[PDB]
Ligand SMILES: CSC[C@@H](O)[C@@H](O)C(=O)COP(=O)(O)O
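Taking the form solved without the ligand, here's one chain by itself in structure tokens.
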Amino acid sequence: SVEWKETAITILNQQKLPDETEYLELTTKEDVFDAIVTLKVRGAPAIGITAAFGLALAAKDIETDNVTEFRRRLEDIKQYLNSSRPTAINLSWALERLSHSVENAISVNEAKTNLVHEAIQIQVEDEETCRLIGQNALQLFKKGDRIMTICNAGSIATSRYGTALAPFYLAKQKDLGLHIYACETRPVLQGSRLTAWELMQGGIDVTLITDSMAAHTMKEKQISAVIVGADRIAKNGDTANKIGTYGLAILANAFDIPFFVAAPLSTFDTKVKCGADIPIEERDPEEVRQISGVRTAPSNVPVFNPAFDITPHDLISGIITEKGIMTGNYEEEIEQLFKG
């Protein structure tokens, strides 16, 4: 979904799926700003990745020889791409990675080839963390069980395999007759437009359901467990995910059904105490008032449009990263985990 050409970045326009597989050639630091706010590219990690190739690109365009000045401008761009979308850290996390990869550059020309290797490197280890999460999480389910998910934490949300979908892809070979239930994550339908398309495009047993049906499906389909990705995880353990995730957790807990949050180490924010202090992005009201040019509610009806909710660690049965499975006491587990 994200591919780098030292001249530009070609991204799969995620808005179009499942209808068309369009590719756009982002070449300007503003073409990237837009690709993000506009959701042409989404998924905490994939988003972090393009953010990086963004600075990595707008930088060659930077003219001069003063390393100190170069880094002044570089910072304005970083604050710009970062102002794009909040709630997930993967964005500013990848940005930091880069603006530090040049805290001791002697020249500029190097610092420019520096940023790129970093960005190209951030993307390489994304395949690695995902393959791991796919493999660490699969330990949780067995042959036969039907698992639910939300949003689209798959191949195009990351680099490959994904986080919460990763195990499905793996359970496939193993021939684990895993039956998935994906919810059409409204309003942006990242679930019916991406998660159904992808999993089907790979021969996984998916079944699409509206967000509402969540509970009825849990009862009459005997859901076995729930796994979702993340956008930001606090020291506390509280996790920030697609609007709707919280409801499934509290709803899942009622059915005493396992709630898993699959997410990379880069999705954690050690600086933040709990979830309640994680800024939730509210997007354009029209995301709820119309779709593909067709109005679905009174044009001026007031709307509450939050993109993410928070799931208190009290609701999480386990957390999966490239390191393993911290099934509880996520406060401490993380301080241990975190190091370097």
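Heads up: residue numbers just count along the shown sequence, starting at 1.
*Asks:* If you take the mean CA temperature factor per stretch, which one wins between 122-130 and 235-243?
*Replies:* Between 235-243 and 122-130, it is 122-130.
*Asks:* Looking at the entry, does 54-62 or 280-288 show the higher mean C-alpha B-factor?
*Replies:* Comparing averages over the C-alpha atoms only gives 54-62.
*Asks:* Looking at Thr270, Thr217, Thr163, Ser212, which has the highest CA B-factor as recorded?
*Replies:* So the option with the highest C-alpha B-factor is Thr270.
*Asks:* Based on the PDB record, which member of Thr10, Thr321, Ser317, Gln15 exhibits the highest Cα temperature factor?
*Replies:* The C-alpha B-factor peaks, among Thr10, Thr321, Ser317, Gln15, at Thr10.
*Asks:* When the modelled residues of the chain are sorted by Cα temperature factor, does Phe308 land in the lowest, middle or highest third?
*Replies:* Bottom third by C-alpha B-factor.
*Asks:* Once the chain's modelled residues are ordered by C-alpha B factor and cut into thirds, is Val108 in the lowest, middle or highest one?
*Replies:* It belongs to the highest third of the chain when residues are ordered by C-alpha B-factor.
*Asks:* What third of the chain, by the recorded C-alpha B-factor, contains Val67?
*Replies:* For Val67, the deposited C-alpha B-factor lands in the highest third.
*Asks:* Split the chain's modelled residues into thirds by Cα B-factor; is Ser155 in the lowest, middle or highest one?
*Replies:* Middle third by C-alpha B-factor.
*Asks:* Would you mind checking where the Cα B-factor of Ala171 ranks among the modelled residues of its chain, as the lowest, middle or highest third?
*Replies:* As the PDB entry reports it, the C-alpha B-factor of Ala171 lands in the middle third of its chain.
The following text describes the form solved in complex with the ligand, which does not appear among the structures shown.
*Asks:* Quick one: the ligand borrowed from its pose in the entry with it bound and superimposed here by the pocket C-alphas, is it open or blocked (3 or more atoms within 2.4 Å of backbone/C-beta)?
*Replies:* Open, per the superposed partner pose.
*Asks:* For the interface check, one of 51-59, 270-278, 291-299, 36-44 should have non-hydrogen atoms within 4.5 Å of the ligand in the entry with it bound; which one?
*Replies:* The contacting stretch is 36-44.
*Asks:* Residue-level contact is defined here as any heavy atom of the residue lying within 4.5 Å of the ligand in the entry with it bound; does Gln190 satisfy this criterion?
*Replies:* Residue-level check for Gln190: yes, a contact with the ligand.
*Asks:* So in the entry with it bound, is the ligand close enough to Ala157 to count as touching (4.5 Å, heavy atoms)?
*Replies:* Close contact exists here: in the entry with it bound, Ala157 approaches the ligand to within 4.5 Å, heavy atoms only.
*Asks:* Taking 4.5 angstroms as the cut-off for heavy atoms, does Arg85 touch the ligand in the entry with it bound?
*Replies:* So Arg85 counts as contacting the ligand.
*Asks:* In the entry with it bound, does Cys151 come within 4.5 Å of the ligand, counting heavy atoms only?
*Replies:* Yes - in the entry with it bound, heavy atoms of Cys151 and the ligand come within 4.5 Å of each other.
*Asks:* Go through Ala249, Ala230, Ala119, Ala166 and name the one with a heavy atom inside 4.5 Å of the ligand in the entry with it bound.
*Replies:* Checked against the cut-off, the match is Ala230.
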